[PDB]
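Below: model22.pdb (PDB, C-alpha atoms)
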ATOM      1  CA  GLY A   1      11.815  -1.527 -13.637
ATOM      2  CA  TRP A   2      10.029   1.044 -11.411
ATOM      3  CA  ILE A   3       7.170   2.932 -13.205
ATOM      4  CA  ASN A   4       4.324   0.455 -12.590
ATOM      5  CA  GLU A   5       6.139  -1.173  -9.658
ATOM      6  CA  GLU A   6       5.668   2.075  -7.617
ATOM      7  CA  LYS A   7       2.025   2.669  -8.780
ATOM      8  CA  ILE A   8       0.887  -0.930  -8.211
ATOM      9  CA  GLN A   9       2.308  -1.170  -4.669
ATOM     10  CA  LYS A  10       0.954   2.253  -3.557
ATOM     11  CA  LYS A  11      -2.532   0.818  -4.511
ATOM     12  CA  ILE A  12      -1.966  -2.490  -2.564
ATOM     13  CA  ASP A  13      -0.998  -0.175   0.350
ATOM     14  CA  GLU A  14      -4.600   1.187   0.332
ATOM     15  CA  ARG A  15      -6.620  -2.033   0.035
ATOM     16  CA  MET A  16      -4.707  -3.953   2.767
ATOM     17  CA  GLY A  17      -2.122  -1.293   3.778
ATOM     18  CA  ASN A  18      -4.876   0.496   5.798
ATOM     19  CA  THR A  19      -6.050  -2.525   7.914
ATOM     20  CA  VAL A  20      -2.430  -3.385   9.000
ATOM     21  CA  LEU A  21      -2.073   0.228  10.396
ATOM     22  CA  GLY A  22      -5.496  -0.226  11.919
ATOM     23  CA  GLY A  23      -3.609  -3.236  13.456
ATOM     24  CA  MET A  24       0.017  -2.305  14.413
ATOM     25  CA  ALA A  25       0.671   1.422  13.731
ATOM     26  CA  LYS A  26      -2.556   2.995  15.189
ATOM     27  CA  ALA A  27      -4.984   0.137  15.959
ATOM     28  CA  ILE A  28      -8.056   2.387  16.710
TER      29      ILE A  28
END
Rewrite the coordinates I just gave you, this time as structure tokens.
Amino acid sequence: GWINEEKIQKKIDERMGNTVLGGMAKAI
């Protein structure tokens, strides 16, 4: 489905999805 599968991944995108932007997309 989609209901948790959107919620769960948006949370993974904080815990590690910040450091990868602090690596490739912005890298400050």
Given 3 Å of margin on each side, can you work out the centre and size in Å (one decimal) of an axis-aligned box holding every listed atom of segment 7-18 of chain A, as JSON?
{"center_x": -2.2, "center_y": -0.6, "center_z": -1.5, "size_x": 14.9, "size_y": 12.6, "size_z": 20.6}
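In this structure, atom CA of residue 28 of chain A sits 26.7 Å away from atom CA of residue 8 of chain A.
Coordinates place atom CA of residue 10 of chain A at a distance of 20.5 Å from atom CA of residue 27 of chain A.
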Two-atom distance - atom CA of residue 21 of chain A, atom CA of residue 1 of chain A (Å): 27.8 Å
Since the input is missing atoms, can you rebuild N, CA, C and O atoms for segment 3-28 of chain A and write them as a compact mmCIF listing (two decimals), in the coordinates of the input?
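The new file rebuild-v2.txt reads:
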# COMPACT_ATOMS: atom_id res chain seq x y z
N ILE A 3 8.30 2.04 -12.89
CA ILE A 3 7.17 2.93 -13.20
C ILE A 3 5.80 2.38 -12.79
O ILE A 3 5.02 3.08 -12.15
N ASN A 4 5.51 1.12 -13.11
CA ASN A 4 4.32 0.46 -12.59
C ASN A 4 4.55 -0.07 -11.18
O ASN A 4 3.66 -0.04 -10.35
N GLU A 5 5.75 -0.56 -10.93
CA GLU A 5 6.14 -1.17 -9.66
C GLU A 5 6.01 -0.23 -8.45
O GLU A 5 5.95 -0.69 -7.31
N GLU A 6 5.91 1.08 -8.68
CA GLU A 6 5.67 2.08 -7.62
C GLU A 6 4.17 2.36 -7.43
O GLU A 6 3.66 2.43 -6.30
N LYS A 7 3.45 2.43 -8.55
CA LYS A 7 2.02 2.67 -8.78
C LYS A 7 1.16 1.53 -8.26
O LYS A 7 0.15 1.75 -7.59
N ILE A 8 1.58 0.31 -8.55
CA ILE A 8 0.89 -0.93 -8.21
C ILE A 8 0.93 -1.14 -6.70
O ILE A 8 -0.09 -1.47 -6.09
N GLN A 9 2.08 -0.88 -6.08
CA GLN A 9 2.31 -1.17 -4.67
C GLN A 9 1.66 -0.12 -3.77
O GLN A 9 1.00 -0.47 -2.80
N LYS A 10 1.71 1.16 -4.17
CA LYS A 10 0.95 2.25 -3.56
C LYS A 10 -0.56 1.98 -3.52
O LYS A 10 -1.21 2.38 -2.55
N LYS A 11 -1.12 1.26 -4.50
CA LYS A 11 -2.53 0.82 -4.51
C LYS A 11 -2.79 -0.39 -3.59
O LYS A 11 -3.78 -0.38 -2.85
N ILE A 12 -1.90 -1.39 -3.56
CA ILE A 12 -1.97 -2.49 -2.56
C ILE A 12 -1.94 -1.94 -1.12
O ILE A 12 -2.70 -2.37 -0.25
N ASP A 13 -1.13 -0.90 -0.91
CA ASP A 13 -1.00 -0.18 0.35
C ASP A 13 -2.25 0.62 0.77
O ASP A 13 -2.30 1.14 1.89
N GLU A 14 -3.28 0.70 -0.08
CA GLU A 14 -4.60 1.19 0.33
C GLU A 14 -5.47 0.00 0.75
O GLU A 14 -5.98 -0.04 1.87
N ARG A 15 -5.60 -0.99 -0.13
CA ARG A 15 -6.62 -2.03 0.04
C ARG A 15 -6.40 -2.94 1.24
O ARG A 15 -7.37 -3.33 1.88
N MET A 16 -5.13 -3.23 1.56
CA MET A 16 -4.71 -3.95 2.77
C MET A 16 -3.77 -3.11 3.64
O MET A 16 -3.71 -3.29 4.86
N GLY A 17 -3.06 -2.14 3.05
CA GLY A 17 -2.12 -1.29 3.78
C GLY A 17 -2.78 -0.31 4.74
O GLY A 17 -2.06 0.36 5.48
N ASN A 18 -4.12 -0.20 4.75
CA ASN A 18 -4.88 0.50 5.80
C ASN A 18 -5.11 -0.43 7.00
O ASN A 18 -4.74 -0.08 8.12
N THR A 19 -5.67 -1.64 6.80
CA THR A 19 -6.05 -2.52 7.91
C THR A 19 -4.86 -2.94 8.78
O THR A 19 -5.01 -3.06 10.00
N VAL A 20 -3.65 -3.08 8.22
CA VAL A 20 -2.43 -3.38 9.00
C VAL A 20 -1.97 -2.22 9.90
O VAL A 20 -1.33 -2.45 10.92
N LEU A 21 -2.34 -0.98 9.58
CA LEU A 21 -2.07 0.23 10.40
C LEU A 21 -3.15 0.36 11.45
O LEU A 21 -2.87 0.58 12.63
N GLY A 22 -4.38 0.06 11.03
CA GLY A 22 -5.50 -0.23 11.92
C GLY A 22 -5.25 -1.52 12.72
O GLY A 22 -6.14 -1.96 13.43
N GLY A 23 -4.04 -2.11 12.61
CA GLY A 23 -3.61 -3.24 13.46
C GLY A 23 -2.36 -3.00 14.32
O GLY A 23 -2.39 -3.30 15.51
N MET A 24 -1.29 -2.46 13.74
CA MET A 24 0.02 -2.31 14.41
C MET A 24 0.37 -0.84 14.69
O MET A 24 0.83 -0.51 15.78
N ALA A 25 0.18 0.04 13.70
CA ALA A 25 0.67 1.42 13.73
C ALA A 25 -0.25 2.44 14.42
O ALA A 25 0.20 3.55 14.74
N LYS A 26 -1.54 2.11 14.61
CA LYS A 26 -2.56 3.00 15.19
C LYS A 26 -3.60 2.20 15.98
O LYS A 26 -3.91 2.54 17.12
N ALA A 27 -4.11 1.14 15.35
CA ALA A 27 -4.98 0.14 15.96
C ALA A 27 -6.25 0.68 16.66
O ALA A 27 -6.67 0.13 17.68
N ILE A 28 -6.85 1.76 16.13
CA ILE A 28 -8.06 2.39 16.71
C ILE A 28 -9.27 1.47 16.78
O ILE A 28 -10.08 1.69 17.71
